[PDB]
Amino acid sequence: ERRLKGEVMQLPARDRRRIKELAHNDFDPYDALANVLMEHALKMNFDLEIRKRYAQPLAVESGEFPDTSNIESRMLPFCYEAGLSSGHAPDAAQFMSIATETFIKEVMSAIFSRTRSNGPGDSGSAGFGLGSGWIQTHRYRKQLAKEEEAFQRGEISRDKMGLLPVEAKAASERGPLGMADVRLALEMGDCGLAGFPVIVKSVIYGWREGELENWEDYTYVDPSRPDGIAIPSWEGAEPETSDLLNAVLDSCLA
Amino acid sequence: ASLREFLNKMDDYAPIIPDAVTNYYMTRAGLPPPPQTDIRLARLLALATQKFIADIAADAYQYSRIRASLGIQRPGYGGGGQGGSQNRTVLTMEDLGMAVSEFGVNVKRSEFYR
Amino acid sequence: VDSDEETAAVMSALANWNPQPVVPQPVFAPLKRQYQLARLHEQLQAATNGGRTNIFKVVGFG
Amino acid sequence: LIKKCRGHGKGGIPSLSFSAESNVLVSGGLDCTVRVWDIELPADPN
Amino acid sequence: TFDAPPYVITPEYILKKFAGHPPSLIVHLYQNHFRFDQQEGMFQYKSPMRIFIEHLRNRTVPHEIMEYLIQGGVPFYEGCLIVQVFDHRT
Amino acid sequence: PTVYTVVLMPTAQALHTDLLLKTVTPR
Amino acid sequence: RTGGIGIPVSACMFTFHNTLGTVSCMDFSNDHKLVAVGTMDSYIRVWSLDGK
Amino acid sequence: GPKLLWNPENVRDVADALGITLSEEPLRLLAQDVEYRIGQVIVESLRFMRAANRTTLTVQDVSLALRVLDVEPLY
Amino acid sequence: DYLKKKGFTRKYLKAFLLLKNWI
Amino acid sequence: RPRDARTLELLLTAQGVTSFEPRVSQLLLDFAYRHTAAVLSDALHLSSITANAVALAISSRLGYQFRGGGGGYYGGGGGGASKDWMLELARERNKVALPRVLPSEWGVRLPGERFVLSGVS
């Protein structure tokens, strides 16, 4: 405590007055939370065109990738909300569509590079060209080199899509992208989703891929095994009319 | 090149980083020491680290040389003393910052704390 | 200036520090929920005619 | 809340434990002390 | 003090305890729409009000329209609701 | 037409909404 | 229960040396035969309280 | 506005380094925001320190606090 | 007020082993 | 000892910290400098700059970082998720029945073969 006095007094008087002034602050009414709680609970009528934003279905609702038409429909309400009475430039929808396409392509490319190998070669018309490609194993690289050498002699010919037999064989095995790959790829980095926490949280909090189907597959603890794991090889009363009411409601919902 | 042959020849590519440092940082990152993990793998990881550091150093030297022969150091890289001795090249903070900004790092600081 | 009083006041002032924000901190949720809620609220506003009609009233005993 | 005990210094109490019959409590703190508390004091004989 | 509900609440207990009291809501079901007793318009099964039908199927209080219900003073029985359904659909 | 009577049970979301509404209702 | 004072108890203390402030947790087995401490260097160390 | 622990003169110096001239209102806003951010970082650092049964603030705790807030690391 | 608004009305092997352990 | 460095020290001392580590206050000062520089550059690029520019720059920055702090009721701390969405997820998860177990397996079972570290040597 004795050294506390010296430490305090080492400061200049002006700084001490500045610090002491804090006592006049009007505490923390946090009245700014009022608007948040309310949200969570001659002349032009600018409020009749903003409400049109919800008429158009979302991409997930319909299943159609957004295009120029949907983006054009969505543009105006945002402009009216922000106070841009004039509107938007004629050629903005195409720009927005191109930007969205580029963003999605970049994200999907980021996810694929960290979980796939033995991609199509760079002989011509296929592969990734000047972009970032996947890794190559020893055996596949050897076979690809041999086939590329052979094709120059005319012994072998490409398939319909321009893939040599080895490349088509390799591409045959690969299956569709799943959620385990996405989860693994999200451990390495952000994959461009640094600004969408909801998507990442939805990925993390979901069921593990392939768990609902195999809901009753178990192992056992057994130290005798190499790894300690032993793999096994009133009217209309509800209590009586509930079924009929449920059936009619199910038919109604369809 | 092949992974098997490279691993076998790893005896001739041992980096300059001691074994104690490799064990310490491998254990910090979650990998047991060499007695349980092939020494070749530890040597390979240390070699990769050495290559990365060497590339950073080369870029820093390249940045430093051009500056040698308006004429005011960029703000945000406070560091240094009197200015060294003789006409020797000195690893200052500006070259390191400019070099590592290519790798995604940021080493900005303050000069006069007031 | 009484040194003990000044230091006690300074420490008391610092102990109660509580900085305030400049802009509110955002809260995130899926778009689908917001869109569905907006549509439902608009439909209810239309049906109830701005709250001037109570479509939830009950007459009798069923 | 039944009652509040007191005596430990500032800094924290990382752990607690109860007796076998749930009549004694022992707490160790970051101020380098161990203390034993009596949940129910004996009835005064007047 | 108020009587507290049992561990598990079932329709029989609530209906028996509050028998002879007005129902909370009245709903009429048609081929492709439904409405309330004093309501003049209608709601489609494909409209945003499908949440009410889903709640009715699942037997859960519709928290989304809580303020609208509170405005109308709908009666609550031990925190639950009693709903009367008329089936004109058939 | 057939007449039915059913009961709807409460949930935690209901209580959360009740408290939230009470928070922002002027007296 | 009337009059008197509380119960008397004993205590055995196990001390750890040369930690250098890199210990984050502790635990005893239910029968007091092993002790584990988690460190700030991401590893865990398990001892035997009798030295066997 | 409220009373600021952060002295706006540091904000003025930083602006001068970038060849920018600031009025009083933007200076006050920036100083208040920086004060709030420092408060947030201190809160997180103390959370991490208390989680480990200690009463000694080290640099590892501050680094972890920065990590959880998605801020570029300081080396 | 809230409570009113919600309508709240006013086998042998075990014994063998135990006996051996006691013996 | 520079200024604000004897004040951050006192602020931390007044909140329980009974020890320290030199160069911590230096770290905090450098962090404040870097944050100020980034925000100022963003504001300058946005628009002499008004207070609206600073507010917009901070609002844009808050979109992808500083999602923490000690916020309380409906304060965007601890990740920033809304309580209603988390309640929805909790309702969905808390619907299924608890797994069935027998006394002969109470402590020896493990997840499926796909979620275990079998053969990683």
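What the deposited record gives as its method is cryo-EM, and the resolution it gives is 3.2 Å.

In the nomenclature of the PDB entry, chain D is known as Transcription initiation factor TFIID subunit 5 of Thermochaetoides thermophila.

For chain B, the name recorded in the PDB entry is Transcription initiation factor TFIID subunit 10, with Thermochaetoides thermophila as its organism. Its UniProt record gives chain B the following Subcellular location (unreviewed entry) comment, quoted word for word: "Nucleus". A UniProt comment under Sequence similarities (unreviewed entry) is attached to chain B, and it reads "Belongs to the TAF10 family."

Draft legend 1. Broad picture of the packing of helix α2 (residues 19–29) of chain B against helix α3 (residues 39–67) of chain B. Residues and elements named next belong to chain B. Contact geometry for α2 and α3: axes closest at 11 Å, N-to-C directions at 95°. As far as their axial angle goes, α3 and α2 are roughly perpendicular. For the pair α2 and α3, contact is made by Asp19, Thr22 and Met26 and by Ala42, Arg43, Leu45 and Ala46, respectively. Its residues assigned to classes, the contact of α2 with α3 comprises four nonpolar, one polar and two charged.

Draft legend 2. View of the sheet that holds strand β1 (residues 219–221) of chain A. Here three strands make up an open sheet; going across it, the order is β2(A)-β1(A)-β1(J) and the pairing antiparallel. Two strands lie at the open edges of the sheet, namely β2 (229–230) of chain A together with β1 (109–110) of chain J, each paired on one side alone. As paired elements, β1 of chain A and β2 of chain A share two bridges and run antiparallel to each other. Counterpart to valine 221 of chain A in the pairing with β2 of chain A is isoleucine 229 of chain A.

Draft legend 3. View of the sheet that holds strand β2 (residues 24–29) of chain D. Residues and elements named next belong to chain D. Strand order in the open sheet made by the three strands is β1-β2-β3, with antiparallel pairing throughout. Since the sheet does not close on itself, it has two edges, and those belong to β1 (15–18) and β3 (33–38), each with one partner. Adjacent strand axes in the sheet meet at a mean angle of 20° when their direction is disregarded. Bridging between β1 and β2 involves four bridges; their strand directions are antiparallel. Note that in β2 the partner of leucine 16 across the bridge is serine 27.

Draft legend 4. Fine view of unusual backbone geometry. Residue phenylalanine 27 of chain A is not a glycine yet carries a positive backbone phi of 50°. Topologically, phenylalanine 27 of chain A is positioned in the loop between α2 (13–20) and α3 (33–40). For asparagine 18 of chain G, which is not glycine, the phi dihedral falls at a positive 65°.

Draft legend 5. Quick look at the interface of chain C and chain J. Counting residues at the interface gives 13 residues for chain C and 16 residues for chain J. Across the interface of chain C and chain J, roughly 1400 Å² is buried in total on both sides, 70% from carbon and sulfur atoms. The largest contributions to the chain C side of the interface with chain J come from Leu14, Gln25 and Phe28 of chain C, which together make up 37% of the buried area. On inspection of chain C and its partner chain J, the count reaches zero salt bridges. Counting residues per element, the side of chain C that touches chain J draws most heavily on helix α1 (residues 3–15) of chain C, at three residues. Looking at side-chain class alone, the side of chain C that touches chain J contains 11 nonpolar, one polar and one charged residues.

Draft legend 6. α3 of chain B, seen in detail. All names here are of chain B. Its 29 residues place the ends of α3 43 Å apart at the C-alpha level, agreeing with the 42 Å of an ideal helix rising 1.5 Å per residue. Where α3 is concerned, the buried positions are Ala42, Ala46, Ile56, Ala60 and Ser64. On its buried face, α3 sits against α2 and α4 (93–100).

The rules behind the values
Residues numbered from 1 in each chain as written, not as in the entry; some residues may be left out. Chains lettered and ligands numbered in written order. Part of a larger assembly, values for the part shown. Heavy atoms only, no water. UniProt positions renumbered as here; feature names shortened; annotations may be inferred. Axes fitted to C-alpha atoms, helices over the stretch in contact; angles between N-to-C directions. Helix = DSSP H or I, 4+ residues; strand = E, 2+ residues; numbered from the N terminus. Parallel < 35°, antiparallel > 145°, perpendicular 65-115°, else oblique. Contact = heavy atoms within 4.5 Å. Nonpolar A, V, L, I, M, F, W, Y, C, P; charged D, E, K, R; others polar. Pairing = 2+ DSSP bridges. Buried area = accessible area lost by both parts, 1.4 Å probe. Salt bridge = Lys/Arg side-chain N within 4 Å of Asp/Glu carboxyl O. Expected span 1.5 Å × (residues − 1). Buried < 20%, exposed > 50% of the residue type's maximum accessible area, 1.4 Å probe, protein only.

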